[PDB]
Amino acid sequence: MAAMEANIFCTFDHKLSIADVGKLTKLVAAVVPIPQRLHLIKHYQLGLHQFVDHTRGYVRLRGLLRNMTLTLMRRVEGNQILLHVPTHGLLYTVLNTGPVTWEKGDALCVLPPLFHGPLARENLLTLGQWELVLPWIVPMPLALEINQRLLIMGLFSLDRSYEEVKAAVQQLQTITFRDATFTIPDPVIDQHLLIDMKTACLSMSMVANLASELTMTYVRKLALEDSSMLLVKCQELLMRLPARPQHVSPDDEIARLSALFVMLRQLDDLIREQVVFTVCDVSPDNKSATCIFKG
Amino acid sequence: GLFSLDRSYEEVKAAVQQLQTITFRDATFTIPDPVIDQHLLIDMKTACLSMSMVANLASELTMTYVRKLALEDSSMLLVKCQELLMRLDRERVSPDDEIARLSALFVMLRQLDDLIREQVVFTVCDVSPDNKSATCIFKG
Amino acid sequence: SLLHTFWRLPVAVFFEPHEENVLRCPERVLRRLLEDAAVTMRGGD
């Protein structure tokens, strides 16, 4: 039928002041998500603002952003915006909208914004109580930290007392990454985090069941003859309790490790975020970088 | 690398030698032993330690959350997980410590991603009788 | 009297009577059925 459009024109039916257009011009080469593809769309569908809801949960907003299609902004005109849908493997220029510092060679992920500093950056296109909310583009370690914090809060919430749950949420929600401090907004625990908790519990059960005695005993045996800061900091986490291996069978070990890899992938996937960009350049003011698009 | 500490016994040596020799289509070759001078390099040591730490931490952490979550379960699978853990156990704490153990579990999980998964770079569709070369499409 | 079971733990039920069979009945209903059958059986050189 009608082939999917690569170039999308967006028109604001609200009237624009010169300040609004000036703000729009700064946003060229940034990433904006849209829910559906048409040659000509209205500004209401543009951005992340449409999904802001009384539920307020960070996890559900993260889920919603994952399903939107990503576009880059081409140059602006009067009352019009041109968006381009990138293709896998090509080279692009992208704008660092958020305060996160990028580095050469790292991988970037798209994620809902989390507040930082004075929390007064929100000048982006407030017109008719619609707002231009854009997602953050962050490097992989920060996304992994965010997802890990959310899942750990969810798991810890079970059966713990309410006040100590509050304390744990307070200490976990704040993150220091690459010499900057960020904090996760609205870490609500609900069904969306519950399904991830269920899958994590299943994967951990299977990992505990599968692991061979050799794997379990490696750490215990190593401590008898090695000594290092890594090891001593490592063994502090474990419960406090010559010989020969009771059973040697390389084929069983191979098959068991083969299954254990699948289970570890299952556990890894729920904190992994899909890489959208891989960067190899940076403006020395960190405002822009050139990246390869993927996904 | 996991057999590094047990290398003294002849059975372990035989298992290691069997592991080294690998056969693929029409080709047989041996891979080098990652143990040199009866010692293991720091990177492989870190990998093995991470694997073992993930296993050990999961073993004790899992049951506490499983027994709480399975009562609610609408998919009858988490009860089976609890029963499996009980069988495993029969064959054999401050909240700060719990938080530390969970975070350590996840950080040791991240240490293994290089070994855990790998990505295809080429898919082949042509081969010469000269087979030294082939034409393939690039994936990245 | 008590039954032996293979599965060590019980499981909840999430299906209607038209797809899987479940033996469920209150104790009072069981006693009433017992006495009713007791009188019925007798009711039936």
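Throughout, a per-chain count from 1 in the order the sequence is written supplies the residue numbers; the entry may number residues differently, and those without coordinates are omitted. Chain letters start at A and ligand numbers start at 1, both assigned in the order the entries are written. Reported values pertain to the displayed chains only, which are themselves part of a larger assembly. Only hydrogens and water are set aside when side-chain values are computed; all heavy atoms of the structure are taken into account.

For this entry, the PDB record names cryo-EM as the structure determination method and reports a resolution of 3.02 Å.

### Remarks on the overall build of chain A
Operational definition: Per the convention used, a helix needs a DSSP run of H or I reaching at least four residues, while a strand needs a run of E reaching at least two, with both numbered from the N terminus. Each residue's exposure class comes from its accessible area (1.4 Å probe, protein chains only) as a fraction of the maximum for that residue type: buried when under 20%, exposed when over 50%, partly exposed otherwise. For every accessible area listed, the method is Shrake-Rupley and the probe measures 1.4 Å; residues are considered covered only by the protein chains on display. We score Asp and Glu as negative and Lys and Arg as positive, and we do not count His or the chain ends. A single reference atom marks each charge: NZ on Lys, CZ on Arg, CG on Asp, CD on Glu.
For chain A, the helix and strand inventory stands at 8 helices and 12 strands. Along the first, second and third principal axes, the C-alpha set of chain A runs to 80 × 45 × 45 Å. When burial is assessed residue by residue, chain A has 44% of its 295 residues classed as buried. Accessible surface, chain A: about 15,400 Å² in total, of which carbon and sulfur atoms supply 58%. Separation of charge centres in chain A, based on 28 positive and 29 negative side chains, amounts to 3 Å.

### A word on the pattern of salt bridges
Let me state the cut-off plainly: Every case where a carboxyl oxygen of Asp or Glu lies within 4 Å of a side-chain nitrogen of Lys or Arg is listed as a salt bridge.
A complete count under the given rule lists 21 salt bridges over all chains for this structure. A salt bridge links A:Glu236 to A:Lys233; the shortest N-O distance between them is 2.8 Å. Residue A:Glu236 is classed as exposed on the basis of its relative accessible area, which comes to 54%. Taking the shortest distance from any N to any O, the salt bridge between A:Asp269 and B:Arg117 comes out at 3.1 Å. One end of the pair, A:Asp269, is in helix α8 (residues 250–269); the other, B:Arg117, is in the loop between α5 (113–116) and β5 (122–124), on a second chain. For B:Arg117, a relative accessible area of 30% gives the class partly exposed. One connected set of salt bridges, linked through shared partners, spans A:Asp268, A:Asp269, A:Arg272, B:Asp113 and B:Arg117.

### A look at the interface of chain B and chain C
For clarity, the threshold we go by: Only heavy atoms enter the contact rule, under which two residues are in contact if any of them lie within 4.5 Å. We call two N or O atoms a polar contact when they sit within 3.5 Å, provided that within protein one can donate a hydrogen and the other can accept it, with sequence-adjacent residues counted only if both atoms are side-chain atoms.
If you look at the interface, chain B gives 9 residues, while chain C gives 6 residues. Counting every contact that joins chain B to chain C gives 0 salt bridges. Where chain B meets chain C, there are 1 residue pair in polar contact.

### Details of the state of the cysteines
Applied cut-off: The disulfide definition used here is simple: a pair of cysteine sulfur atoms within 2.5 Å.
Considering all chains together, one arrives at 0 disulfides over all chains under this definition. B:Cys48 provides the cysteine sulfur closest to A:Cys234, a residue in no disulfide bond, and the two sulfurs are 13 Å apart. Exposure remark for A:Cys234: the relative accessible area of 6% places this residue in the buried category.

### Things to note about the arrangement of the chains
Contacts are most numerous between chains A and B, considering all 2 pairs of chains that are in contact. Contact between chain A and chain C is absent, and the least distance between their C-alpha atoms amounts to 17 Å.

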